[PDB]
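J.: Sharing coords06.cif below, mmCIF, N, CA and C atoms:
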```cif
data_structure
#
loop_
_atom_site.group_PDB
_atom_site.id
_atom_site.type_symbol
_atom_site.label_atom_id
_atom_site.label_comp_id
_atom_site.auth_asym_id
_atom_site.auth_seq_id
_atom_site.Cartn_x
_atom_site.Cartn_y
_atom_site.Cartn_z
ATOM 1 N N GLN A 1 -1.029 -13.575 13.405
ATOM 2 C CA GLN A 1 -1.357 -12.168 13.601
ATOM 3 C C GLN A 1 -1.426 -11.433 12.267
ATOM 4 N N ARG A 2 -1.728 -12.172 11.205
ATOM 5 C CA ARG A 2 -1.823 -11.592 9.872
ATOM 6 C C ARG A 2 -2.819 -10.435 9.853
ATOM 7 N N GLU A 3 -3.947 -10.621 10.530
ATOM 8 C CA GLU A 3 -4.980 -9.592 10.589
ATOM 9 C C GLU A 3 -4.405 -8.274 11.098
ATOM 10 N N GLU A 4 -3.455 -8.367 12.023
ATOM 11 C CA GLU A 4 -2.827 -7.181 12.593
ATOM 12 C C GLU A 4 -2.051 -6.411 11.528
ATOM 13 N N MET A 5 -1.260 -7.135 10.742
ATOM 14 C CA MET A 5 -0.465 -6.522 9.684
ATOM 15 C C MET A 5 -1.363 -5.893 8.623
ATOM 16 N N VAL A 6 -2.412 -6.614 8.239
ATOM 17 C CA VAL A 6 -3.348 -6.127 7.234
ATOM 18 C C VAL A 6 -4.111 -4.907 7.738
ATOM 19 N N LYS A 7 -4.622 -4.999 8.961
ATOM 20 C CA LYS A 7 -5.372 -3.903 9.563
ATOM 21 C C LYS A 7 -4.516 -2.644 9.652
ATOM 22 N N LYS A 8 -3.275 -2.807 10.100
ATOM 23 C CA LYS A 8 -2.354 -1.684 10.230
ATOM 24 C C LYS A 8 -2.040 -1.077 8.868
ATOM 25 N N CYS A 9 -1.768 -1.935 7.891
ATOM 26 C CA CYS A 9 -1.452 -1.482 6.541
ATOM 27 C C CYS A 9 -2.575 -0.615 5.981
ATOM 28 N N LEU A 10 -3.800 -1.125 6.051
ATOM 29 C CA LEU A 10 -4.961 -0.398 5.550
ATOM 30 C C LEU A 10 -5.148 0.914 6.304
ATOM 31 N N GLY A 11 -5.033 0.853 7.628
ATOM 32 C CA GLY A 11 -5.192 2.043 8.442
ATOM 33 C C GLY A 11 -4.244 3.154 8.035
ATOM 34 N N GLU A 12 -2.986 2.799 7.795
ATOM 35 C CA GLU A 12 -1.980 3.776 7.398
ATOM 36 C C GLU A 12 -2.212 4.245 5.964
ATOM 37 N N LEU A 13 -2.664 3.329 5.115
ATOM 38 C CA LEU A 13 -2.927 3.647 3.715
ATOM 39 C C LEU A 13 -4.083 4.634 3.588
ATOM 40 N N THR A 14 -5.033 4.546 4.515
ATOM 41 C CA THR A 14 -6.191 5.431 4.508
ATOM 42 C C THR A 14 -5.780 6.876 4.768
ATOM 43 N N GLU A 15 -4.976 7.080 5.808
ATOM 44 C CA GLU A 15 -4.512 8.416 6.162
ATOM 45 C C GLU A 15 -3.565 8.963 5.099
ATOM 46 N N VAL A 16 -2.709 8.092 4.573
ATOM 47 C CA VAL A 16 -1.751 8.487 3.547
ATOM 48 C C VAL A 16 -2.460 8.906 2.265
ATOM 49 N N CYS A 17 -3.407 8.085 1.824
ATOM 50 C CA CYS A 17 -4.161 8.371 0.608
ATOM 51 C C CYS A 17 -5.123 9.534 0.825
ATOM 52 N N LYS A 18 -5.566 9.705 2.066
ATOM 53 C CA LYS A 18 -6.489 10.780 2.408
ATOM 54 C C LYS A 18 -5.798 12.137 2.330
ATOM 55 N N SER A 19 -4.617 12.229 2.933
ATOM 56 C CA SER A 19 -3.855 13.472 2.934
ATOM 57 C C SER A 19 -3.330 13.789 1.537
ATOM 58 N N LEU A 20 -2.772 12.779 0.878
ATOM 59 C CA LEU A 20 -2.231 12.949 -0.466
ATOM 60 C C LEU A 20 -3.343 13.247 -1.466
ATOM 61 N N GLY A 21 -4.468 12.554 -1.317
ATOM 62 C CA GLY A 21 -5.590 12.761 -2.214
ATOM 63 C C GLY A 21 -6.279 14.091 -1.984
ATOM 64 N N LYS A 22 -6.281 14.547 -0.736
ATOM 65 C CA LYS A 22 -6.911 15.814 -0.385
ATOM 66 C C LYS A 22 -6.082 16.992 -0.889
ATOM 67 N N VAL A 23 -4.776 16.937 -0.647
ATOM 68 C CA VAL A 23 -3.874 17.998 -1.079
ATOM 69 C C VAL A 23 -3.720 18.005 -2.595
ATOM 70 N N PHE A 24 -3.648 16.816 -3.183
ATOM 71 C CA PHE A 24 -3.500 16.684 -4.628
ATOM 72 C C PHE A 24 -4.695 17.296 -5.355
ATOM 73 N N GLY A 25 -5.805 17.442 -4.638
ATOM 74 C CA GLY A 25 -7.000 18.013 -5.230
ATOM 75 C C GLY A 25 -7.897 16.962 -5.853
ATOM 76 N N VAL A 26 -8.043 15.830 -5.171
ATOM 77 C CA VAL A 26 -8.878 14.742 -5.664
ATOM 78 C C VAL A 26 -9.512 13.971 -4.512
ATOM 79 N N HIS A 27 -10.235 12.906 -4.846
ATOM 80 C CA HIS A 27 -10.893 12.082 -3.839
ATOM 81 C C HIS A 27 -10.187 10.738 -3.691
ATOM 82 N N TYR A 28 -10.333 10.123 -2.523
ATOM 83 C CA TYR A 28 -9.707 8.834 -2.253
ATOM 84 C C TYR A 28 -10.110 7.802 -3.301
ATOM 85 N N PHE A 29 -11.371 7.851 -3.716
ATOM 86 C CA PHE A 29 -11.885 6.921 -4.715
ATOM 87 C C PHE A 29 -11.364 7.275 -6.106
ATOM 88 N N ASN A 30 -10.838 8.488 -6.243
ATOM 89 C CA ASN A 30 -10.306 8.950 -7.520
ATOM 90 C C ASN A 30 -8.843 8.547 -7.677
ATOM 91 N N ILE A 31 -8.208 8.198 -6.564
ATOM 92 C CA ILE A 31 -6.808 7.792 -6.578
ATOM 93 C C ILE A 31 -6.670 6.288 -6.360
ATOM 94 N N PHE A 32 -7.549 5.733 -5.533
ATOM 95 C CA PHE A 32 -7.526 4.305 -5.239
ATOM 96 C C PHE A 32 -8.929 3.791 -4.928
ATOM 97 N N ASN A 33 -9.199 2.551 -5.323
ATOM 98 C CA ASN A 33 -10.504 1.941 -5.087
ATOM 99 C C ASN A 33 -10.430 0.922 -3.954
ATOM 100 N N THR A 34 -11.589 0.583 -3.396
ATOM 101 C CA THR A 34 -11.657 -0.380 -2.304
ATOM 102 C C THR A 34 -10.931 -1.672 -2.663
ATOM 103 N N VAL A 35 -11.107 -2.119 -3.903
ATOM 104 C CA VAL A 35 -10.466 -3.341 -4.372
ATOM 105 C C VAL A 35 -8.949 -3.198 -4.383
ATOM 106 N N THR A 36 -8.468 -2.097 -4.950
ATOM 107 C CA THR A 36 -7.036 -1.839 -5.026
ATOM 108 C C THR A 36 -6.400 -1.857 -3.641
ATOM 109 N N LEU A 37 -7.000 -1.124 -2.710
ATOM 110 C CA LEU A 37 -6.491 -1.058 -1.343
ATOM 111 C C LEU A 37 -6.509 -2.435 -0.688
ATOM 112 N N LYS A 38 -7.616 -3.151 -0.858
ATOM 113 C CA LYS A 38 -7.759 -4.485 -0.285
ATOM 114 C C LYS A 38 -6.600 -5.384 -0.705
ATOM 115 N N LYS A 39 -6.330 -5.426 -2.004
ATOM 116 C CA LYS A 39 -5.246 -6.245 -2.535
ATOM 117 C C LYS A 39 -3.893 -5.736 -2.049
ATOM 118 N N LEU A 40 -3.767 -4.418 -1.940
ATOM 119 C CA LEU A 40 -2.523 -3.804 -1.485
ATOM 120 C C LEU A 40 -2.131 -4.326 -0.106
ATOM 121 N N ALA A 41 -3.036 -4.178 0.857
ATOM 122 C CA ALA A 41 -2.785 -4.638 2.217
ATOM 123 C C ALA A 41 -2.701 -6.160 2.275
ATOM 124 N N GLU A 42 -3.510 -6.824 1.455
ATOM 125 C CA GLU A 42 -3.527 -8.282 1.415
ATOM 126 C C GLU A 42 -2.161 -8.832 1.011
ATOM 127 N N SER A 43 -1.575 -8.240 -0.024
ATOM 128 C CA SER A 43 -0.271 -8.672 -0.514
ATOM 129 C C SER A 43 0.832 -8.289 0.468
ATOM 130 N N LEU A 44 0.838 -7.026 0.877
ATOM 131 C CA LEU A 44 1.839 -6.530 1.816
ATOM 132 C C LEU A 44 3.247 -6.872 1.341
ATOM 133 N N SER A 45 3.741 -6.110 0.370
ATOM 134 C CA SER A 45 5.074 -6.333 -0.175
ATOM 135 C C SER A 45 5.599 -5.075 -0.861
ATOM 136 N N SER A 46 6.856 -4.742 -0.591
ATOM 137 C CA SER A 46 7.477 -3.560 -1.180
ATOM 138 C C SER A 46 7.588 -3.702 -2.694
ATOM 139 N N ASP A 47 7.954 -4.897 -3.145
ATOM 140 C CA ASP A 47 8.096 -5.166 -4.571
ATOM 141 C C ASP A 47 6.910 -4.607 -5.351
ATOM 142 N N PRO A 48 7.141 -3.495 -6.064
ATOM 143 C CA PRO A 48 6.104 -2.838 -6.865
ATOM 144 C C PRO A 48 5.709 -3.659 -8.088
ATOM 145 N N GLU A 49 6.447 -4.735 -8.336
ATOM 146 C CA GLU A 49 6.174 -5.603 -9.476
ATOM 147 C C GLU A 49 4.835 -6.316 -9.307
ATOM 148 N N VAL A 50 4.636 -6.919 -8.140
ATOM 149 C CA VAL A 50 3.399 -7.636 -7.852
ATOM 150 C C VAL A 50 2.221 -6.675 -7.737
ATOM 151 N N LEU A 51 2.490 -5.477 -7.230
ATOM 152 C CA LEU A 51 1.451 -4.465 -7.068
ATOM 153 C C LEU A 51 0.963 -3.964 -8.424
ATOM 154 N N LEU A 52 1.882 -3.859 -9.376
ATOM 155 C CA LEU A 52 1.546 -3.394 -10.717
ATOM 156 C C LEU A 52 0.490 -4.291 -11.355
ATOM 157 N N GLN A 53 0.406 -5.529 -10.879
ATOM 158 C CA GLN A 53 -0.562 -6.485 -11.403
ATOM 159 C C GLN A 53 -1.937 -6.264 -10.778
ATOM 160 N N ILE A 54 -2.025 -5.280 -9.889
ATOM 161 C CA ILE A 54 -3.282 -4.966 -9.221
ATOM 162 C C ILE A 54 -4.050 -3.884 -9.973
ATOM 163 N N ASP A 55 -5.293 -4.187 -10.328
ATOM 164 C CA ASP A 55 -6.134 -3.239 -11.049
ATOM 165 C C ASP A 55 -6.173 -1.892 -10.334
ATOM 166 N N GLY A 56 -5.745 -0.844 -11.032
ATOM 167 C CA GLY A 56 -5.736 0.483 -10.447
ATOM 168 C C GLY A 56 -4.370 0.877 -9.921
ATOM 169 N N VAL A 57 -3.331 0.578 -10.694
ATOM 170 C CA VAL A 57 -1.965 0.903 -10.301
ATOM 171 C C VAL A 57 -1.143 1.363 -11.500
ATOM 172 N N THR A 58 -0.513 2.526 -11.367
ATOM 173 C CA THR A 58 0.306 3.078 -12.439
ATOM 174 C C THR A 58 1.641 3.585 -11.905
ATOM 175 N N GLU A 59 2.600 3.772 -12.806
ATOM 176 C CA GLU A 59 3.922 4.254 -12.424
ATOM 177 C C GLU A 59 3.822 5.564 -11.650
ATOM 178 N N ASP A 60 2.960 6.458 -12.120
ATOM 179 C CA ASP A 60 2.766 7.750 -11.473
ATOM 180 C C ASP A 60 2.114 7.580 -10.105
ATOM 181 N N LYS A 61 1.079 6.750 -10.048
ATOM 182 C CA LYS A 61 0.367 6.497 -8.800
ATOM 183 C C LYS A 61 1.304 5.917 -7.746
ATOM 184 N N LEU A 62 2.038 4.874 -8.123
ATOM 185 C CA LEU A 62 2.974 4.228 -7.210
ATOM 186 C C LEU A 62 4.160 5.140 -6.910
ATOM 187 N N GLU A 63 4.458 6.040 -7.843
ATOM 188 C CA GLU A 63 5.568 6.971 -7.677
ATOM 189 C C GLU A 63 5.220 8.057 -6.663
ATOM 190 N N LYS A 64 3.944 8.420 -6.609
ATOM 191 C CA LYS A 64 3.478 9.447 -5.683
ATOM 192 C C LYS A 64 3.101 8.835 -4.338
ATOM 193 N N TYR A 65 2.258 7.809 -4.375
ATOM 194 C CA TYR A 65 1.819 7.136 -3.158
ATOM 195 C C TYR A 65 2.618 5.859 -2.922
ATOM 196 N N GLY A 66 2.686 5.014 -3.947
ATOM 197 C CA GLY A 66 3.421 3.768 -3.833
ATOM 198 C C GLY A 66 4.731 3.933 -3.089
ATOM 199 N N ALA A 67 5.381 5.075 -3.285
ATOM 200 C CA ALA A 67 6.651 5.355 -2.626
ATOM 201 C C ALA A 67 6.562 5.089 -1.127
ATOM 202 N N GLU A 68 5.622 5.757 -0.467
ATOM 203 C CA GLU A 68 5.435 5.592 0.971
ATOM 204 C C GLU A 68 5.091 4.145 1.312
ATOM 205 N N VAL A 69 4.304 3.511 0.449
ATOM 206 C CA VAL A 69 3.901 2.125 0.658
ATOM 207 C C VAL A 69 5.111 1.197 0.672
ATOM 208 N N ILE A 70 6.040 1.432 -0.248
ATOM 209 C CA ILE A 70 7.245 0.617 -0.340
ATOM 210 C C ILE A 70 8.181 0.886 0.834
ATOM 211 N N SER A 71 8.273 2.150 1.233
ATOM 212 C CA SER A 71 9.135 2.540 2.343
ATOM 213 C C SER A 71 8.723 1.825 3.627
ATOM 214 N N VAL A 72 7.431 1.872 3.934
ATOM 215 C CA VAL A 72 6.907 1.227 5.133
ATOM 216 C C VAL A 72 6.995 -0.290 5.025
ATOM 217 N N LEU A 73 6.694 -0.812 3.841
ATOM 218 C CA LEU A 73 6.739 -2.251 3.605
ATOM 219 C C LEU A 73 8.163 -2.780 3.742
ATOM 220 N N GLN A 74 9.137 -1.927 3.445
ATOM 221 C CA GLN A 74 10.541 -2.309 3.537
ATOM 222 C C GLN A 74 11.062 -2.129 4.960
ATOM 223 N N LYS A 75 10.549 -1.116 5.649
ATOM 224 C CA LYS A 75 10.962 -0.835 7.019
ATOM 225 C C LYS A 75 10.532 -1.959 7.956
ATOM 226 N N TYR A 76 9.240 -2.265 7.953
ATOM 227 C CA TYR A 76 8.701 -3.319 8.805
ATOM 228 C C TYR A 76 9.223 -4.687 8.374
ATOM 229 N N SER A 77 9.563 -4.807 7.095
ATOM 230 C CA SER A 77 10.073 -6.062 6.555
ATOM 231 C C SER A 77 11.413 -6.422 7.189
ATOM 232 N N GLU A 78 12.257 -5.414 7.386
ATOM 233 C CA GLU A 78 13.570 -5.624 7.985
ATOM 234 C C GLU A 78 13.442 -6.198 9.393
ATOM 235 N N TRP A 79 12.358 -5.842 10.073
ATOM 236 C CA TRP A 79 12.116 -6.320 11.430
ATOM 237 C C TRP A 79 11.898 -7.829 11.444
ATOM 238 N N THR A 80 11.213 -8.333 10.423
ATOM 239 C CA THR A 80 10.935 -9.761 10.320
ATOM 240 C C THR A 80 12.019 -10.475 9.520
ATOM 241 N N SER A 81 12.285 -11.727 9.879
ATOM 242 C CA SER A 81 13.302 -12.518 9.197
ATOM 243 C C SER A 81 12.944 -14.000 9.221
ATOM 244 N N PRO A 82 11.938 -14.379 8.418
ATOM 245 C CA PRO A 82 11.477 -15.768 8.328
ATOM 246 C C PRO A 82 12.495 -16.674 7.645
ATOM 247 N N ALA A 83 12.574 -17.919 8.105
ATOM 248 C CA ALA A 83 13.506 -18.885 7.536
ATOM 249 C C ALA A 83 13.123 -19.239 6.103
ATOM 250 N N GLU A 84 13.839 -18.660 5.144
ATOM 251 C CA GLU A 84 13.572 -18.914 3.733
ATOM 252 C C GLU A 84 14.735 -19.662 3.085
ATOM 253 N N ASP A 85 15.475 -20.408 3.897
ATOM 254 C CA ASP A 85 16.615 -21.173 3.403
ATOM 255 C C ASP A 85 16.347 -22.672 3.500
#
```
For the structure just supplied, provide its representation as structure tokens.
T.:
Amino acid sequence: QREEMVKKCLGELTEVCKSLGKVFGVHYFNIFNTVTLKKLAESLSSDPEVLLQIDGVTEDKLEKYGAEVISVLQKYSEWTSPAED
């Protein structure tokens, strides 16, 4: 059901970036690009370390938007508990 997680992630990221980008006084493409978003949902991980390696990511960007991304990624993450031992 990976597609479900990715689809949901992108869907939420669209509204989040839309509201934040609209209020901030900019455009969605001015804050994030199709490629950046694609990789974001594709990776699906709170760890901002791996995200920083994604073209179009900065401390300020992740600090403003990334915050919500990490919160949700950490919330849903707690629900899952794959055997990593």
J.: From a DSSP calculation on the backbone, collect every residue of chain A in alpha helix (DSSP H) and output the set as a VMD selection string.
T.: chain A and resid 2 to 24 28 to 31 34 to 43 48 to 52 59 to 61 67 to 79
J.: Go through A:57, A:52, A:31, A:45 and flag the residue nearest residue 71 (chain A), using all atoms listed in the file for the distances.
T.: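 For residue 71 (chain A), the nearest of the given residues is A:45.
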J.: Once the PyMOL selection byres ((chain A and resi 41) around 8) has been applied to the shown file, what residues remain in the selection, as a VMD selection string?
T.: chain A and resid 5 to 10 35 to 40 42 to 45
J.: Expand the PyMOL selection byres (((chain A and resi 46 and name CA) around 8) and name CA) into the explicit residue set it covers here, and present it as a PyMOL selection string.
T.: chain A and resi 44-45+47-48+69-74
J.: Expressed in Å to a single decimal, how great is the separation between CA of residue 22 (chain A) and CA of residue 65 (chain A)?
T.: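 Between these atoms lies a distance of 12.6 Å.
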J.: If you measure from atom N of residue 34 (chain A) to atom N of residue 17 (chain A), what distance in Å do you get, rounded to one decimal?
T.: 12.3 Å
J.: Calculate how many Å separate atom N of residue 29 (chain A) from atom C of residue 76 (chain A), rounding to one decimal.
T.: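 Between these atoms lies a distance of 27.0 Å.
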J.: Smallest atom-to-atom distance to residue 24 (chain A): which of A:64, A:49, A:1, A:58, using only C-alpha atoms?
T.: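 Distance minimum relative to residue 24 (chain A) lands on A:64.
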J.: Nearest to residue 32 (chain A) among A:56, A:16, A:67, A:4, with distances taken over all atoms listed in the file: which residue is it?
T.: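 Closest to residue 32 (chain A), using all atoms listed in the file: A:56.
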J.: Quick one: axis-aligned box around all listed atoms of region 70-78 of chain A, 6 Å on every side, centre and edge lengths in Å to one decimal, written as lines of an AutoDock Vina configuration file.
T.:
```
center_x = 9.8
center_y = -1.9
center_z = 4.5
size_x = 19.5
size_y = 21.0
size_z = 21.7
```
